[PDB]
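We give structure tokens for two forms of one protein chain below, kept apart as structure 1 and structure 2.
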Structure 1
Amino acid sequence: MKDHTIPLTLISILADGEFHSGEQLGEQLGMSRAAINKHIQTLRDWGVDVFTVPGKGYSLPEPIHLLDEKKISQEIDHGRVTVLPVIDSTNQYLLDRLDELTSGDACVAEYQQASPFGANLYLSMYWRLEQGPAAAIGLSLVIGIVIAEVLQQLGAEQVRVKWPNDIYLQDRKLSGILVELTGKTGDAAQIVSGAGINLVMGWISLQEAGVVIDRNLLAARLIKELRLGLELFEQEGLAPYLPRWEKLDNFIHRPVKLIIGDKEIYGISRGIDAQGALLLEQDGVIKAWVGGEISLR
């Protein structure tokens, strides 16, 4: 099998359609000017109409777009996946790499050093919202519905969600969601959302519920479905998820216990409003709360 990287890297540089003298290319590719002529010859051999002028050098009449594996794969998958079975934190790996991350990029692991090996599935995904930080209102919810639905689609049909960042099964924590957001006025919002699912044995595990899933299968699908769910949330907001949310709310129409800071509130949850805030009914008045943690009572 012949190797064609060297002539391909030549034409890729020339894709400007501009002129490049012999030395200029000989610098980048690190070869002699005859080697440049040899490969630019093979370009003419391939049918590439490269015209050579003495002083200026070689050029292509019209700039060309070339086949790129990375360009192609980005459009098929909407993001890459880096799997490190042992890691410190799936969320941290992405946070340390925001500069070259694109929406849909994911990181998968089964042991977080920062709970035994393979007992949990750890998944994080980056997403960039063109709209400012305000466009990520119910993201943490959105991750919850998508992950929970995926577990339902895989046999764990009785998994529910706890407002705002937890997956519950048998009124017990099956998975925790942790979304981390950095924002700046004008600039876009960069969010790395992550979760950890209890696979094997307060807390509950997938196997305890009689649901068996191959970890690669659970991982792949979540990344697939979460990517799709986030594109929906990017162009439509929380609106499509309001009907989907209530169907999985574990504490809706039940007494809940809210702890915001050093304060404690009592009442019946009534789901969420269009802004993802908890609806707490107290003596018939249902008014929304935006932060804290809920608890059955």
Structure 2
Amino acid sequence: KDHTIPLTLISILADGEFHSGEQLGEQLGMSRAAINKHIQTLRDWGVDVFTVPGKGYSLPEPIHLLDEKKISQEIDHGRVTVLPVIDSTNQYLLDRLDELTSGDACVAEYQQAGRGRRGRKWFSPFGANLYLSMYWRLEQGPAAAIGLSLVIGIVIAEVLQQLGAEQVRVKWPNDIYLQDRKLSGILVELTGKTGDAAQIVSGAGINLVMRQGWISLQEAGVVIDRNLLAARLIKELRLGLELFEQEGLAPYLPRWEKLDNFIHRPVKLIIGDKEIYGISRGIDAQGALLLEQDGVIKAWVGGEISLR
């Protein structure tokens, strides 16, 4: 049944402040007697309404109304948007940083300008692979994005493992590997201030279809509906990040050890155009890379790990 007028009426009084029959009549476009009549319906609904005689109405105390969007977000800790065509899922969230909350996600079917790490281009054919991005605000500094990327790699690799691909491994600071071949590229981008929060948009591109250095989930004997895989990743990533927010990197230290593709192996550390050679010894308790050169282990807080 149409209850539009009483429902609009209660939303104007939900603040608990004083509301005059004249102002109500202006907003609702109704007479003062009819405004009173629709106040009368509300009291028949069990709403306590105070009637100041001749001046207007007020609620005893402010009331907060039910909202689908508010309820869903607390259920979800984030929204999801599907884009058929976009330049990049990372760029879509980056363009809307002022309006995002931690957990907001974004999946695309086709990326017109998918981006890699070093200015590389991510080939994103329509409806073939997964092109996902999610936003997260870290109250810790921009240096917390290292743990961000490490947690993301652990979560993504774990989710793939529960779906069949038991030999999926991670790469410091962000990539997913399988049989020493790149299966998914992660691109974590950040704008922040030291001593303050950091807004992070992380984007994952997972090779699902085959089309020497690259591998696909099809080549692993794993076939998944993209909607199911995307939903599982968004759900698990959201849970992993809030755990990282409240407990830090400590829960993920044993998990990184089980998943590191390059631990105790000869690797290449890439910073700028430099190339540092050594044996990887995992990560430290703060997510810094532990790289052994000539028997000496030094901690690195930046760069990329490569194969040798």
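For clarity, a rigid core is taken as the largest C-alpha set superposing within 1.5 Å between two forms. Sequence positions of structure 1, starting at 1, serve as the residue numbers.
**Student:** How about residue 39 - superposed on the rigid core, does its CA move between structure 1 and structure 2 by 2 Å or more?
**Tutor:** The answer is yes, as the C-alpha of residue 39 shifts between structure 1 and structure 2 by 2 Å or more after core alignment.
**Student:** With both forms fitted on the core, give yes or no for whether the Cα of residue 132 moves by 2 angstroms or more between structure 1 and structure 2.
**Tutor:** Yes, the C-alpha position differs by at least 2 Å between structure 1 and structure 2.
**Student:** Is residue 172 one of the residues whose Cα moves 2 Å or more between structure 1 and structure 2, with the core superposed?
**Tutor:** The answer is no; the displacement is under 2 Å.
**Student:** So with the rigid core superposed, the C-alpha of residue 29 shifts by how many Å between structure 1 and structure 2?
**Tutor:** Here residue 29 registers a C-alpha shift of 6.4 Å.
**Student:** Rigid core superposed, residue 209 Cα shift between structure 1 and structure 2 in Å?
**Tutor:** Shift of residue 209 at C-alpha, rigid core superposed: 1.1 Å.
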